[PDB]
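K.L.:
First, the structure itself, so that you have it in front of you.
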4 protein chains.
Amino acid sequence: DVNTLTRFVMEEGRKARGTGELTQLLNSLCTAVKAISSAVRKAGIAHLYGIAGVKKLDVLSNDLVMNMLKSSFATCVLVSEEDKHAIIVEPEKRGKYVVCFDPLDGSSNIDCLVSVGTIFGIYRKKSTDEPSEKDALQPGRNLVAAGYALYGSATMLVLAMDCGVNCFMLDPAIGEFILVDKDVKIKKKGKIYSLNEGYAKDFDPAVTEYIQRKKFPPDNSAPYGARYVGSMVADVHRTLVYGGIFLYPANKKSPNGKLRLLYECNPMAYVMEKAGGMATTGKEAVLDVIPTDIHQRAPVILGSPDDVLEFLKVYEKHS
Amino acid sequence: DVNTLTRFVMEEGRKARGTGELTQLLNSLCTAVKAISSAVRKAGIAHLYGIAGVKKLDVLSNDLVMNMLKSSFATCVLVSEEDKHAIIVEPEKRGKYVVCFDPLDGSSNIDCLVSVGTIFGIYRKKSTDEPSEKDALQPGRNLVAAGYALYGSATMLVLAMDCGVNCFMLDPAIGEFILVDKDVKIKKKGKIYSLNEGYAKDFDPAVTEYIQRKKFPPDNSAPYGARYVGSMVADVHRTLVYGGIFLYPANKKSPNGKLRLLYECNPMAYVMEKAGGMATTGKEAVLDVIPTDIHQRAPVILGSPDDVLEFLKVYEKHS
Amino acid sequence: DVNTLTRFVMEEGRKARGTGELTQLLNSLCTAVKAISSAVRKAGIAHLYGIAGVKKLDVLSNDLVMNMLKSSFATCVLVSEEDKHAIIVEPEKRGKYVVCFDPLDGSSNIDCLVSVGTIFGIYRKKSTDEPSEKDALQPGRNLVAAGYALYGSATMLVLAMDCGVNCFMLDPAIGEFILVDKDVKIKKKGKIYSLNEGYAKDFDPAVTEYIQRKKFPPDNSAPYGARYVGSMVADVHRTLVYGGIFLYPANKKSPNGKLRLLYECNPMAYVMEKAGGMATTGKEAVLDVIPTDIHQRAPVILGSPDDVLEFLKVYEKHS
Amino acid sequence: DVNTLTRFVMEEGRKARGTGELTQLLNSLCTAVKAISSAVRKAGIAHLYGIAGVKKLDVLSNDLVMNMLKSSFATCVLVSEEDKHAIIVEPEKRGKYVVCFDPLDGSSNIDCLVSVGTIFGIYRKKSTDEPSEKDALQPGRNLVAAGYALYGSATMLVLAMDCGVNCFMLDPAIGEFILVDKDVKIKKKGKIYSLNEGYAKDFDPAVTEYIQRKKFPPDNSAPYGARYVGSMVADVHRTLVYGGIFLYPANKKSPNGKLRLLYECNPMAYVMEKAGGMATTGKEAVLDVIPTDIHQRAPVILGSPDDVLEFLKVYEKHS
Ligand SMILES: Nc1ncnc2c1ncn2[C@@H]1O[C@H](COP(=O)(O)O)[C@@H](O)[C@H]1O
Ligand SMILES: Nc1ncnc2c1ncn2[C@@H]1O[C@H](COP(=O)(O)O)[C@@H](O)[C@H]1O
Ligand SMILES: Nc1ncnc2c1ncn2[C@@H]1O[C@H](COP(=O)(O)O)[C@@H](O)[C@H]1O
Ligand SMILES: Nc1ncnc2c1ncn2[C@@H]1O[C@H](COP(=O)(O)O)[C@@H](O)[C@H]1O
Ligand SMILES: O=P(O)(O)OC[C@H]1O[C@](O)(COP(=O)(O)O)[C@@H](O)[C@@H]1O
Ligand SMILES: O=P(O)(O)OC[C@H]1O[C@](O)(COP(=O)(O)O)[C@@H](O)[C@@H]1O
Ligand SMILES: O=P(O)(O)OC[C@H]1O[C@](O)(COP(=O)(O)O)[C@@H](O)[C@@H]1O
Ligand SMILES: O=P(O)(O)OC[C@H]1O[C@](O)(COP(=O)(O)O)[C@@H](O)[C@@H]1O
Ligand SMILES: [Mg+2]
Ligand SMILES: [Mg+2]
Ligand SMILES: [Mg+2]
Ligand SMILES: [Mg+2]
Ligand SMILES: [Mg+2]
Ligand SMILES: [Mg+2]
Ligand SMILES: [Mg+2]
Ligand SMILES: [Mg+2]
């Protein structure tokens, strides 16, 4: 029988004997995702082109998530890609939770109408101190909930908590996220590798050899296919649904990768581990990295466990 | 001054001194595209999941186009990816046009929600009385119009005719395509290359060398960036919008290429040429291939003229 | 065969051998109506209530019809209830048609969410001097097309021409008006009467007597049911679809009624007659009044011919 | 700050320190209302008219409320205009609440696109017996919550509880009910009376005299205006919003009134009293009537307190 995100999250809160504060936070996030979706699909674009005779989506998306998270009364510290410093919620609206998000991921793909998305990770504040930026410098092991919305051919919200990974399709006729994939697990091994090979000149030798194994298998088998949308949400989601591997490794220029630990790599690493996949920087599990800067980058290699393991094997040889 | 697709096409038809039959065909196709977009964005999916207590998308898309074109009274021969032979329109609903289309391109990977699209090409028939599939076996240079709808982060219709290429954004709030880019032209030279490098082991020596020049430039310029969504409409539309080059060349599993000439390669070659770009098979312009089978494949290299020229210099070396 | 409003107007124009100007006018009206429908249904209301941390509907509606008609290149004079003088279209955008319209009928009614609508009538300019207000002072008999959009439980457009009356339902999933009632004809006699009985103290004695025959039928048949939405478009649409009588009659406090001749009475009077109905002031056919003010009022009694004739019999008796 | 129905209801639930069962109940109802709204506005009607080559709205709406309420796990007994006997939820899905509802109200107005609605009343099961139709025969006084959805020019949900009455506007761009009117109170005295005067021949003398005081005021102030949409939800909501009085008194076809006590009269009476208005049968307060039949009928007079009292004075004089 049918299940909605609103009802699924409410029942989970009841099972967990929560006070309803994280439930209100998720409710507010789901609302914001729906309004971002509506804007990404360009509803109302006709009023921008004179049909009756204004703000970039990056900014609007951030404002939507910021205001909805603030007005939830569930959050104290908010970290966003769009903000230099962490936002400390005024004390009247303060709750226990720390949220790191990317309100619109995939900026290079906005103008060509390729898939984009929203990423989020949720922490419970651990300090006794006044809430500050330091409450967001937790390792991803500490995540309480994380996931993303994909604004692709359809809009899907993927939500991961300790109970597992669940996928919800947004039905736009009724503005309702519908549970369509329950307790999702990733394939043990896939057949697609995903990275920007235009950086090949700057590749670490382990990355160079790994990719070469994908195109010219030593085990006679057939070569992997290649995909790279250029939007982390789209590429990571395909990895979940299809299996395979995704890599934004440290290249000569970016010696710590490009993607941001708090609101891109950690949320995706958490979805992956909860789905029976893996997420490594090469040196360690992504969720084991202890950050020191809220905007700090990390290298990320993630996906099916047989694939990540094969990469790590190559990486160990080279180190 | 605001303009819609319905009004734009109608005025261009008045300037053309058309009898209205092609305009009626194009209205019908755009209605179909709006209904494909709705299904693709998963409107009503809550009913499939039991909200009140099943046709595949590409089958439903085909039915939408087939029915809207037949009932336009403008067509006589219809070629689709999903039908073995050409559909001859029943006599009472016959007009003069031939339409070759892919109703849902990239549809095999719809399961991961990556962008998807509809591609179409329109010809005037050559036959005089009974139409046949011979009316579809024309070279792309005979196209009267061609285009595509992209179901991406937003839905956009790109329409090309002799007058040039125009882009329309679907405003879902009112179901109108809004003219947002008129008389579009690709940039002379781009910075993105797009192909499935997973087939590298099977590349012709010309493709191997060209891709090598993009990753390790001879003149030590910046290497190109790589993008491969895996859906032709998405990869081609980005090529139109951002410039660069898109390749689906011959490999082992596909020695004449994989993409279909009539309703994948030819309509995109036409869009590209009308925007000042190029589309080649390597040996000849795509639009000059004379087809002998409605489902025949063709290699395709397309995009910015400087990039396609640079590929063709490498190709002529290996003749 | 499925038919859309666009395709139906377009084929009607080709059958009438029109040059495309009227078709372009109606296309523009269609687009404006879908945009009004969207604002009436409160799309985007969440932004006015600060979800991301402003025209009134009658004003927005007027701007939409005004802008879409001007940019149609099909009109020279535009009369609106929201503007004191006729609007003269700038010479570069001038067509040959005169449009009188009420952009959002049902004022008493917006705040309580009851049905509202748009009424329009279209004349061809008869004079050969430069477009002026006098070009709109034509009797309804000269109408080339008229009709209305109803924003009710669903949105529907009713379009009347010489060919007859047709009804189109707006499907909001795809933003297409769908032909659902062709060549509509009104019942010869209804069972509903529609007027504001709160004015009973001021009624013309004929209206008093006529309403008494509907509550106390002298043949001892069933009394009529009463319905008075208070929104002309809703009450007259129901009159059209169910049969019956709608009255906004002259009393002595308002010897010309309340409703406006040019953009309320004449359009519904024309829709009625083309459906086999009637529409009278009590003294003459509404469509036969020669207006002298673009805002002059007219009494109306309209609906099923048996009912209207029943009323005129009572009216003649009081003379 | 912006507030949604999902967030308001959850916050009121946390305050009352509920277990979340009632909150799940209202969530499911909210989702059903949205899906009914989408069907009422004829989303997807194009597919019913053959765009690609079914129930009455009554049945579908019932199936939507019925299935959503069952799957909430919050209910044990369900009573609906569309079902002869009370439905007893299977024990695995049983909660403690009893819900009586009209899933689509205003049946005579469906076909002419006039406003229609949904009405609901929520009781807690008092008896500790096996759940039965008996558990629904409580007087309105015992109502935990009630309200209605109006599918008018826009869709609005009106929800009443001990805490008061609140109004939520459906934003269809995002499928979210947005709090727009808080703690609503009706005017002390209105200027509109609402009833079907078609039954004038059957009215009792109290009703006849009250209506005569509204058309011919003894104090010689201005007569009230008349409005009768013919859908109870629409007329009752205009009564809440503008003030005045709504009447469905006994007539010859309906000697105990037409409107039904459990799922029409009691919810609207409850909303009225929580807003500072009144609702009587003429003999008692609606909320005081102890029902013996789940489909039993009652006459009803409701609106601004002064108007209901002025009618009651007339009713008292006629004794
Ligand atoms: N909707 C929920 N779904 C899953 N787990 C929840 C939920 N709500 C609360 N929890 C768990 O219970 C803890 C306390 O909840 P709270 O009282 O809302 O802060 C959370 O940090 C989660 O570990
Ligand atoms: N809307 C239109 N826009 C641009 N060219 C058109 C249009 N309609 C017709 N034409 C041109 O006129 C030819 C004949 O039109 P038709 O009479 O409708 O078949 C077409 O094949 C086009 O070359
Ligand atoms: N779509 C149409 N439907 C019905 N009649 C039309 C249509 N278009 C034009 N006509 C008729 O033809 C006349 C001239 O059309 P036009 O050349 O567009 O101004 C109009 O005034 C109408 O009488
Ligand atoms: N969202 C809510 N809003 C207002 N009151 C509520 C709410 N939820 C529960 N209550 C009150 O608390 C009682 C018990 O709640 P529950 O355990 O959900 O059945 C209800 O019957 C109401 O009186
Ligand atoms: O062009 P590149 O260097 O391959 O970068 C693509 C990656 O950058 C990103 O776009 C970074 O996110 P932003 O768009 O927010 O800057 C990722 O989504 C994506 O994986
Ligand atoms: O997986 P590959 O071998 O790279 O092929 C991808 C190409 O095939 C296609 O998916 C063909 O489209 P369809 O299969 O949907 O007809 C193109 O969209 C795409 O360019
Ligand atoms: O309240 P009244 O006097 O009975 O008048 C109602 C009539 O006035 C109108 O509201 C006039 O239209 P406007 O709202 O544009 O003034 C009609 O819709 C309606 O039939
Ligand atoms: O035609 P009448 O007798 O005035 O009936 C009107 C009343 O009947 C109803 O339609 C009865 O409700 P249903 O339409 O669900 O049967 C009420 O909505 C309305 O107030
Ligand atoms: Mg970003
Ligand atoms: Mg990002
Ligand atoms: Mg294809
Ligand atoms: Mg295809
Ligand atoms: Mg008005
Ligand atoms: Mg008006
Ligand atoms: Mg009812
Ligand atoms: Mg009913």
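Here, A, B, ... name the chains of the structure tokens in the order displayed, residue numbers run from 1 inside each chain, and ligands are numbered from 1 in the same displayed order.
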Taking only C-alpha atoms and all ligand atoms into account, list the residues no farther than 9 Å from ligand 12, as a list in words.
P.N.:
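The residues near ligand 12 are residues 58, 80, 81, 82, 101, 102, 103, 104, 105, 106, 107, 108, 116, 117, 118, 119 and 264 of chain B.
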K.L.:
Excluding region 36-42 of chain B and any residue of its chain fewer than 6 positions from it, enumerate the residues within 8 Å of it, using only C-alpha atoms, and give them as a PyMOL selection string.
P.N.:
(chain A and resi 153-155+169-172) or (chain B and resi 57+60-61+64+151+155) or (chain C and resi 173-174)
K.L.:
Keeping C-alpha atoms, export the residues of the selection given above as an mmCIF file, in the first residue's frame.
P.N.:
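Below you can see selection_18.cif, which holds the result:
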data_model
loop_
_atom_site.group_PDB
_atom_site.id
_atom_site.type_symbol
_atom_site.label_atom_id
_atom_site.label_comp_id
_atom_site.auth_asym_id
_atom_site.auth_seq_id
_atom_site.Cartn_x
_atom_site.Cartn_y
_atom_site.Cartn_z
ATOM 1 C CA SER A 153 13.986 13.626 -15.830
ATOM 2 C CA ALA A 154 11.909 13.270 -12.676
ATOM 3 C CA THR A 155 12.578 14.680 -9.193
ATOM 4 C CA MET A 169 9.530 10.000 -6.421
ATOM 5 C CA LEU A 170 7.934 13.443 -6.467
ATOM 6 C CA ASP A 171 4.471 13.262 -8.029
ATOM 7 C CA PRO A 172 4.056 16.861 -9.331
ATOM 8 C CA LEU B 57 7.328 5.491 -20.868
ATOM 9 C CA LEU B 60 3.486 5.681 -24.151
ATOM 10 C CA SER B 61 5.678 8.358 -25.762
ATOM 11 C CA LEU B 64 1.486 10.009 -28.059
ATOM 12 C CA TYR B 151 13.395 16.524 -20.637
ATOM 13 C CA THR B 155 11.973 20.867 -20.597
ATOM 14 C CA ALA C 173 -1.002 18.401 -16.300
ATOM 15 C CA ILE C 174 -0.088 19.389 -19.882
#
K.L.:
Can you tell me, as an MDAnalysis selection string, what residues are no more than 9 Å from region 72-79 of chain A when counting only C-alpha atoms, ignoring any on the same chain fewer than 6 positions away?
P.N.:
(chainID A and resid 21:29 66 85:102 125 131:133 135:136 262:263 294:295) or (chainID D and resid 7)
K.L.:
Taking N, CA, C and O atoms for each residue, export the selection above as a short mmCIF file (atom, residue, chain, number, x, y, z; two decimals), in the first residue's frame.
P.N.:
data_model
loop_
_atom_site.label_atom_id
_atom_site.label_comp_id
_atom_site.auth_asym_id
_atom_site.auth_seq_id
_atom_site.Cartn_x
_atom_site.Cartn_y
_atom_site.Cartn_z
N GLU A 21 11.40 16.71 16.68
CA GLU A 21 12.21 17.84 16.20
C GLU A 21 12.92 17.51 14.90
O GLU A 21 12.96 18.35 13.99
N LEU A 22 13.50 16.32 14.78
CA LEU A 22 14.11 15.90 13.52
C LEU A 22 13.04 15.66 12.46
O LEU A 22 13.28 15.88 11.26
N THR A 23 11.85 15.21 12.87
CA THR A 23 10.74 15.06 11.94
C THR A 23 10.35 16.42 11.35
O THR A 23 10.12 16.53 10.14
N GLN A 24 10.27 17.47 12.19
CA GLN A 24 9.94 18.79 11.66
C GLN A 24 11.05 19.30 10.74
O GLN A 24 10.78 20.00 9.75
N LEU A 25 12.30 18.96 11.06
CA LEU A 25 13.41 19.36 10.21
C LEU A 25 13.31 18.71 8.84
O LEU A 25 13.44 19.38 7.80
N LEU A 26 13.06 17.40 8.80
CA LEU A 26 12.91 16.71 7.52
C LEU A 26 11.69 17.23 6.76
O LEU A 26 11.74 17.39 5.53
N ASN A 27 10.58 17.47 7.46
CA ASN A 27 9.40 18.06 6.82
C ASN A 27 9.76 19.35 6.10
O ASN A 27 9.34 19.59 4.97
N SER A 28 10.52 20.20 6.78
CA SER A 28 10.88 21.50 6.23
C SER A 28 11.82 21.36 5.04
O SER A 28 11.73 22.10 4.06
N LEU A 29 12.72 20.38 5.11
CA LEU A 29 13.62 20.11 4.01
C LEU A 29 12.85 19.62 2.79
O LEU A 29 13.13 20.03 1.66
N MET A 66 17.58 27.68 3.59
CA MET A 66 17.92 28.44 4.79
C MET A 66 16.66 28.78 5.57
O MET A 66 16.55 28.48 6.77
N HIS A 85 30.81 31.67 6.12
CA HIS A 85 30.83 31.17 7.48
C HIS A 85 29.56 30.40 7.79
O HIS A 85 28.54 30.55 7.12
N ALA A 86 29.63 29.58 8.84
CA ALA A 86 28.44 28.86 9.26
C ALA A 86 27.43 29.84 9.82
O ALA A 86 27.78 30.84 10.44
N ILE A 87 26.15 29.57 9.55
CA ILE A 87 25.07 30.42 10.03
C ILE A 87 24.63 29.87 11.39
O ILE A 87 24.26 28.70 11.50
N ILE A 88 24.72 30.71 12.42
CA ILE A 88 24.25 30.35 13.76
C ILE A 88 22.82 30.85 13.89
O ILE A 88 22.55 32.05 13.77
N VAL A 89 21.89 29.92 14.14
CA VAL A 89 20.47 30.25 14.21
C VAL A 89 20.20 31.06 15.48
O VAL A 89 20.72 30.74 16.56
N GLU A 90 19.41 32.13 15.34
CA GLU A 90 19.02 32.95 16.49
C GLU A 90 18.46 32.05 17.59
O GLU A 90 17.77 31.07 17.28
N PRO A 91 18.75 32.34 18.87
CA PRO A 91 18.38 31.40 19.94
C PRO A 91 16.89 31.07 20.08
O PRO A 91 16.56 30.02 20.63
N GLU A 92 15.99 31.93 19.63
CA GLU A 92 14.57 31.60 19.76
C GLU A 92 14.17 30.46 18.84
O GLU A 92 13.23 29.71 19.15
N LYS A 93 14.87 30.29 17.72
CA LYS A 93 14.53 29.30 16.72
C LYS A 93 15.44 28.07 16.78
O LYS A 93 15.48 27.29 15.83
N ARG A 94 16.13 27.86 17.90
CA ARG A 94 17.22 26.91 17.95
C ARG A 94 16.76 25.51 18.34
O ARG A 94 15.98 25.33 19.28
N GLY A 95 17.28 24.52 17.61
CA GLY A 95 17.13 23.12 17.97
C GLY A 95 18.47 22.44 18.07
O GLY A 95 19.52 23.10 18.07
N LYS A 96 18.47 21.10 18.13
CA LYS A 96 19.68 20.35 18.42
C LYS A 96 20.55 20.09 17.19
O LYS A 96 21.72 19.72 17.34
N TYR A 97 20.01 20.25 15.98
CA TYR A 97 20.60 19.67 14.79
C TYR A 97 21.49 20.64 14.02
O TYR A 97 21.25 21.85 13.96
N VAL A 98 22.53 20.07 13.42
CA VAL A 98 23.47 20.78 12.55
C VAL A 98 23.30 20.24 11.13
O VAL A 98 23.35 19.03 10.91
N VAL A 99 23.11 21.14 10.16
CA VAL A 99 22.83 20.75 8.78
C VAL A 99 23.85 21.40 7.85
O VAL A 99 23.96 22.63 7.79
N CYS A 100 24.58 20.56 7.11
CA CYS A 100 25.45 20.99 6.03
C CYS A 100 24.79 20.63 4.70
O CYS A 100 24.47 19.47 4.47
N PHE A 101 24.61 21.61 3.83
CA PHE A 101 23.94 21.32 2.58
C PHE A 101 24.59 22.05 1.41
O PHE A 101 25.32 23.02 1.56
N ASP A 102 24.28 21.54 0.22
CA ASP A 102 24.53 22.24 -1.03
C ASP A 102 23.16 22.45 -1.65
O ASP A 102 22.53 21.47 -2.10
N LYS A 125 24.08 18.22 17.35
CA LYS A 125 25.11 18.97 18.06
C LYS A 125 25.58 18.19 19.28
O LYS A 125 24.76 17.68 20.06
N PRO A 131 26.40 27.05 20.45
CA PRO A 131 26.55 26.47 19.11
C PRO A 131 27.42 27.37 18.24
O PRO A 131 27.24 28.59 18.20
N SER A 132 28.38 26.75 17.56
CA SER A 132 29.27 27.50 16.67
C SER A 132 29.67 26.61 15.50
O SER A 132 29.24 25.46 15.38
N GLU A 133 30.54 27.17 14.65
CA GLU A 133 31.06 26.44 13.49
C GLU A 133 31.64 25.09 13.87
O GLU A 133 31.56 24.13 13.08
N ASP A 135 30.61 22.87 15.75
CA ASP A 135 29.62 21.80 15.81
C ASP A 135 29.39 21.15 14.46
O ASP A 135 28.87 20.03 14.40
N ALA A 136 29.79 21.82 13.37
CA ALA A 136 29.72 21.27 12.02
C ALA A 136 31.00 20.56 11.59
O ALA A 136 31.04 20.00 10.49
N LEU A 262 32.02 18.54 3.66
CA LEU A 262 30.89 18.63 4.60
C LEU A 262 29.55 18.42 3.90
O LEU A 262 28.68 17.71 4.42
N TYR A 263 29.35 19.05 2.74
CA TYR A 263 28.03 19.07 2.10
C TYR A 263 28.01 18.41 0.72
O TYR A 263 27.00 18.50 0.02
N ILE A 294 35.10 24.27 7.36
CA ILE A 294 33.77 23.85 6.90
C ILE A 294 33.70 23.78 5.39
O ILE A 294 32.79 23.13 4.85
N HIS A 295 34.64 24.41 4.68
CA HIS A 295 34.65 24.40 3.22
C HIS A 295 35.78 23.56 2.66
O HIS A 295 36.16 23.72 1.50
N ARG D 7 3.48 21.34 8.85
CA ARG D 7 4.27 21.81 9.98
C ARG D 7 3.38 22.31 11.12
O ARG D 7 3.69 22.06 12.29
#
K.L.:
Write out as number ranges by chain the residues lying within 8 Å of residue 281 (chain B), counting only C-alpha atoms and excluding same-chain residues fewer than 6 positions away.
P.N.:
B: 249, 298-301
K.L.:
Would you mind exporting N, CA and C atoms of the selected residues as an mmCIF file, in the first residue's frame?
P.N.:
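Output saved as selection-v3.cif:
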data_model
loop_
_atom_site.group_PDB
_atom_site.id
_atom_site.type_symbol
_atom_site.label_atom_id
_atom_site.label_comp_id
_atom_site.auth_asym_id
_atom_site.auth_seq_id
_atom_site.Cartn_x
_atom_site.Cartn_y
_atom_site.Cartn_z
ATOM 1 N N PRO B 249 31.512 7.299 -32.646
ATOM 2 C CA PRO B 249 32.156 6.688 -33.809
ATOM 3 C C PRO B 249 32.010 5.170 -33.782
ATOM 4 N N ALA B 298 24.769 5.125 -38.458
ATOM 5 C CA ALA B 298 25.778 5.978 -39.065
ATOM 6 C C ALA B 298 26.656 6.503 -37.948
ATOM 7 N N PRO B 299 27.975 6.578 -38.137
ATOM 8 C CA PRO B 299 28.814 7.274 -37.156
ATOM 9 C C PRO B 299 28.502 8.757 -37.197
ATOM 10 N N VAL B 300 28.793 9.447 -36.103
ATOM 11 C CA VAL B 300 28.511 10.878 -36.087
ATOM 12 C C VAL B 300 29.533 11.576 -35.205
ATOM 13 N N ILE B 301 30.078 12.667 -35.731
ATOM 14 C CA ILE B 301 30.961 13.591 -35.033
ATOM 15 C C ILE B 301 30.378 14.972 -35.293
#
K.L.:
Mind pulling up the distance from CA of residue 227 (chain D) to CA of residue 313 (chain D)?
P.N.:
22.8 Å
K.L.:
Contacts from chain A to chain D, 6 Å maximum, only C-alpha atoms: show me the residue list as a PyMOL selection string.
P.N.:
chain A and resi 34-35+174-175
K.L.:
Keeping only C-alpha atoms, write those residues as an mmCIF file, in the first residue's frame.
P.N.:
data_model
loop_
_atom_site.group_PDB
_atom_site.id
_atom_site.type_symbol
_atom_site.label_atom_id
_atom_site.label_comp_id
_atom_site.auth_asym_id
_atom_site.auth_seq_id
_atom_site.Cartn_x
_atom_site.Cartn_y
_atom_site.Cartn_z
ATOM 1 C CA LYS A 34 9.683 20.787 -3.774
ATOM 2 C CA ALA A 35 9.953 24.572 -4.214
ATOM 3 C CA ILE A 174 -0.182 16.364 -5.980
ATOM 4 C CA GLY A 175 3.150 17.640 -4.616
#
K.L.:
Using only C-alpha atoms and all ligand atoms, I'd like a table of the residues in chain C that come within 10 Å of ligand 8; for each, show the closest atom pair and its distance in Å rounded to one decimal, ordered by chain and ascending number, as JSON lines.
P.N.:
{"residue": "C:192", "atom": "CA", "partner": "ligand 8", "partner_atom_place_in_ligand_line": "1 (O)", "distance": 9.6}
{"residue": "C:224", "atom": "CA", "partner": "ligand 8", "partner_atom_place_in_ligand_line": "1 (O)", "distance": 9.8}
{"residue": "C:225", "atom": "CA", "partner": "ligand 8", "partner_atom_place_in_ligand_line": "1 (O)", "distance": 6.4}
{"residue": "C:226", "atom": "CA", "partner": "ligand 8", "partner_atom_place_in_ligand_line": "4 (O)", "distance": 7.0}
{"residue": "C:227", "atom": "CA", "partner": "ligand 8", "partner_atom_place_in_ligand_line": "4 (O)", "distance": 7.8}
K.L.:
Quick one: write out the picked residues with C-alpha atoms as a compact mmCIF listing (two decimals), in the first residue's frame?
P.N.:
# COMPACT_ATOMS: atom_id res chain seq x y z
CA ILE C 192 -33.27 26.39 -12.66
CA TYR C 224 -37.81 25.35 -10.28
CA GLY C 225 -34.64 25.08 -8.23
CA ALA C 226 -32.73 28.28 -7.47
CA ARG C 227 -29.00 28.87 -8.00
K.L.:
From a DSSP pass on the backbone, collect the residues of region 26-240 of chain B flagged as strand (DSSP E or B) and hand them back as an MDAnalysis selection string.
P.N.:
chainID B and resid 75:80 87:88 94 97:105 116:124 145:151 155:161 164:171 176:181 192:194 225:226 228
K.L.:
Keeping only C-alpha atoms, write the selected residues as a short mmCIF file (atom, residue, chain, number, x, y, z; two decimals), in the first residue's frame.
P.N.:
data_model
loop_
_atom_site.label_atom_id
_atom_site.label_comp_id
_atom_site.auth_asym_id
_atom_site.auth_seq_id
_atom_site.Cartn_x
_atom_site.Cartn_y
_atom_site.Cartn_z
CA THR B 75 1.41 13.23 -42.39
CA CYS B 76 1.46 10.16 -44.62
CA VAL B 77 4.55 8.18 -43.51
CA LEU B 78 5.84 7.82 -39.94
CA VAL B 79 9.19 6.26 -39.00
CA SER B 80 9.83 5.54 -35.32
CA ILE B 87 3.82 3.34 -40.64
CA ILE B 88 1.75 4.41 -43.64
CA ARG B 94 -3.03 11.74 -45.07
CA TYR B 97 4.78 15.10 -44.67
CA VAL B 98 7.11 12.32 -43.56
CA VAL B 99 8.23 12.31 -39.92
CA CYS B 100 11.14 10.27 -38.53
CA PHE B 101 11.34 10.37 -34.76
CA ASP B 102 12.78 8.78 -31.63
CA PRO B 103 9.91 9.27 -29.12
CA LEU B 104 12.04 8.73 -25.98
CA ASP B 105 15.78 8.84 -26.67
CA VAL B 116 15.89 11.93 -21.81
CA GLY B 117 14.46 13.37 -24.99
CA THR B 118 12.39 13.25 -28.15
CA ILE B 119 14.08 13.74 -31.57
CA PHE B 120 12.20 14.42 -34.83
CA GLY B 121 12.85 15.11 -38.53
CA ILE B 122 10.24 16.23 -41.09
CA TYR B 123 10.35 15.78 -44.90
CA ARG B 124 7.98 16.55 -47.75
CA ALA B 145 12.37 21.00 -40.21
CA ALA B 146 13.97 19.08 -37.36
CA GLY B 147 14.49 19.44 -33.68
CA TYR B 148 14.25 17.86 -30.28
CA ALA B 149 12.63 18.18 -26.88
CA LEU B 150 14.95 17.75 -23.90
CA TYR B 151 13.40 16.52 -20.64
CA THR B 155 11.97 20.87 -20.60
CA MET B 156 13.12 22.71 -23.72
CA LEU B 157 12.11 22.37 -27.36
CA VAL B 158 14.75 23.21 -29.98
CA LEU B 159 13.24 23.72 -33.45
CA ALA B 160 15.33 24.16 -36.61
CA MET B 161 14.23 25.24 -40.08
CA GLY B 164 17.65 29.14 -38.29
CA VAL B 165 17.44 27.47 -34.86
CA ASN B 166 15.20 28.58 -31.99
CA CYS B 167 14.92 27.40 -28.36
CA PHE B 168 11.71 27.33 -26.32
CA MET B 169 11.41 26.72 -22.60
CA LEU B 170 8.39 24.76 -21.34
CA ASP B 171 6.74 26.78 -18.57
CA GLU B 176 3.43 27.13 -22.99
CA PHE B 177 6.80 26.87 -24.67
CA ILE B 178 8.37 30.32 -24.24
CA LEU B 179 10.84 31.57 -26.86
CA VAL B 180 14.03 32.23 -24.86
CA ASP B 181 16.76 32.06 -27.55
CA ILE B 192 34.32 20.07 -23.98
CA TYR B 193 34.70 16.71 -25.71
CA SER B 194 31.93 14.12 -25.33
CA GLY B 225 36.92 18.99 -20.19
CA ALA B 226 34.98 15.74 -20.63
CA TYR B 228 29.21 12.18 -21.37
#
